[PDB]
Amino acid sequence: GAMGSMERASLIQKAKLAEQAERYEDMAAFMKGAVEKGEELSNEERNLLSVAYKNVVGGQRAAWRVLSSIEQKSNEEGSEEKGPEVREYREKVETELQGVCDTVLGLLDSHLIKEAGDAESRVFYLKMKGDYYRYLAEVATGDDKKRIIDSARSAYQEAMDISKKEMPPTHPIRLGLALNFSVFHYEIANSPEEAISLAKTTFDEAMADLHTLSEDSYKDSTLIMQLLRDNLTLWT
Amino acid sequence: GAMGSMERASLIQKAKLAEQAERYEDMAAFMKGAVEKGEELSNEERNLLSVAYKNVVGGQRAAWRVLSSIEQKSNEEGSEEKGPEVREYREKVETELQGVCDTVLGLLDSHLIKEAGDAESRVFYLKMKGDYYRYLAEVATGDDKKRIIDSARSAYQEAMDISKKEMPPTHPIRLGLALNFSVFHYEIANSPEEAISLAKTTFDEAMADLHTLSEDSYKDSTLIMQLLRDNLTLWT
Amino acid sequence: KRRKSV
Amino acid sequence: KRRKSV
Ligand SMILES: COC[C@H]1CC[C@@H]2/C1=C\[C@]1(C)C(=C(C(C)C)C[C@@H]1O)[C@@H](O)[C@H](O)[C@@H]2C
Ligand SMILES: COC[C@H]1CC[C@@H]2/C1=C\[C@]1(C)C(=C(C(C)C)C[C@@H]1O)[C@@H](O)[C@H](O)[C@@H]2C
Ligand SMILES: [Mg+2]
Ligand SMILES: [Mg+2]
Ligand SMILES: [Mg+2]
Ligand SMILES: [Mg+2]
Ligand SMILES: [Mg+2]
Ligand SMILES: [Mg+2]
């Protein structure tokens, strides 16, 4: 609504400025306004959208984890009762986090996914849909936790299936999707074996395709492959 | 208004949590709610108030400087006209920054300053009043710029005069006030000589009083004295 | 220290 | 690089 009176190109130009200023909340609002213009996003605009919310939500997740750890320590045997403040403030941060995830999932469903027919757009948006359901799952504790997890799984799975059919094993989006789906396996779905196998198979298949790349594509793919390697090193 | 229904102690407890979570906007709102309770602040609560707004406004200032630099480069001979977006977005950031400064100056005037009778509270609040008028001055360009600067100067000057009469030369608040008043001289009032003399005299007078301190007070004072030294090194 | 995502 | 304030 709020960015309704600004030109699409102006909102894009301003998202890039807000990125430069590390003003990620602003960046995210500008890109939400740009999506709400109703036109499809270019590659670079998809990247701006994803970086804006990634940073916003990444700050909320880190805060929620600081607060969750405090809360847990207060619930330990021998801890002094300090009343409801930690739980209230964790719940506040948690609610704001869920609101951001719902807003991104809303933009995806209305109407980015349905108009995305190329592999690179459609896999990109489905990966984001898996990511934001995953951030939901990180804080979920009630009746819907299983459905949240399975919505993350299903979105990552359809992205995987398209990426396997339509993209080279070294494509950065294919590689980043597999990195995140492997994290989902490891710490959300309690399947560390699947997490490891996925990261390993993904890394190995990318290695064998490096030879097809220019030096700049090489750089782009190996950057992500290292994050796969970092996880395998941590997990094994 | 917004924190009106929360207990003072709860708002304090939550400001400390938000600090831990690096959620400085939240921290600042909680401490604003605590001040609005109408009771005087303790030493530790004054520190929470000042750290919250310092961080909030420090993020806005850094963003404004990134945007101001871009704006200036766009106004250079041979630059391509990219329309009004940079100036609009700088103005947005600038307006939000001015709103934060006005909110802090409002809390000081209503009614922290007038009830602060001890040196340590009154110098602390007057220093903050000089700081927030100084942040105002950093972005001021119109009819009131001279009055803004002089309001910063006057607040720092009354803090200096009280601190000189009532506090030891090594007191951290006396030292931090002098550091900031010397920065004001250097980059706001265009008086680099006064800036240097103030930082030098302040450092030297603190050195000669170190001998009166415990090891923990020594640590506290020398920490600030190093920031005075860093500025003298940069400026000379 | 913390696993990577992107 | 940048002058200090506190
Ligand atoms: C939807 O998930 C997007 C996520 C999948 C992998 C990666 C993503 C995001 C951003 C935009 C990029 C990188 C780096 C690897 C540079 C981190 C950035 O956040 C792009 O440059 C990559 O080409 C690629 C699209
Ligand atoms: C109103 O201006 C407050 C500013 C003046 C000097 C310093 C200030 C802030 C904070 C709260 C402190 C430090 C450090 C030096 C640790 C940085 C923190 O921002 C306190 O520990 C110091 O005792 C002292 C009050
Ligand atoms: Mg238009
Ligand atoms: Mg006890
Ligand atoms: Mg289409
Ligand atoms: Mg009460
Ligand atoms: Mg030209
Ligand atoms: Mg009093």
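So you know, we letter chains A, B, ... as the sequences are listed, proteins then strands, and number each from 1.
- At a heavy-atom separation below 4.5 angstrom, chain D is approached by B:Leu179, B:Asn180, B:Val183, B:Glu187 within residues 179-191 of chain B.
- Note on B:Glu44 versus B:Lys16: salt bridge recorded, some NZ/NE/NH1/NH2 to OD/OE distance being below 4.0 Å.
- Side-chain contact between D:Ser5 and B:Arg134 is present, with heavy atoms from C-beta onward closer than 4.5 Å.
- Interface with chain D: from residues 147-161 of chain B, no residue qualifies, criterion being any non-hydrogen pair under 4.5 Å.
- In this structure, the side chains of B:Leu107 and B:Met31 stay at 4.5 Å or more apart for every pair of heavy atoms.
- Considering only heavy atoms from C-beta on, B:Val57 comes within 4.5 Å of B:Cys101 through its side chain.
- Considering CZ of B:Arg65 and CZ of D:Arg2, their distance stands at 3.5 Å, rounded to 0.5 Å.
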Q: May I have the step-by-step check of side chain to side chain donor-acceptor pair (under 3.5 Å) for B:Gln226 and B:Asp230, ending in yes or no?
A: CA-CA 6 Å; B:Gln226 185 65 48; B:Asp230 292 335; 3.0 Å; yes
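- From B:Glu91, atom CD reaches atom CG of B:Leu67 across 11.5 Å, with rounding to the nearest 0.5 Å.
- For the atom pair B:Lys164 NZ and B:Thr202 OG1, the distance stands at 7.0 Å (nearest 0.5 Å).
- If you measure heavy-atom distances from B:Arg229 to chain D, you find no contacts under 4.5 Å at all.
- Contact of the B:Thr212 side chain with the B:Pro168 side chain is not registered, since no non-hydrogen atoms from C-beta on lie closer than 4.5 Å.
- Side-chain contact between B:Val123 and B:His171 is absent, with no heavy atoms from C-beta onward closer than 4.5 Å.
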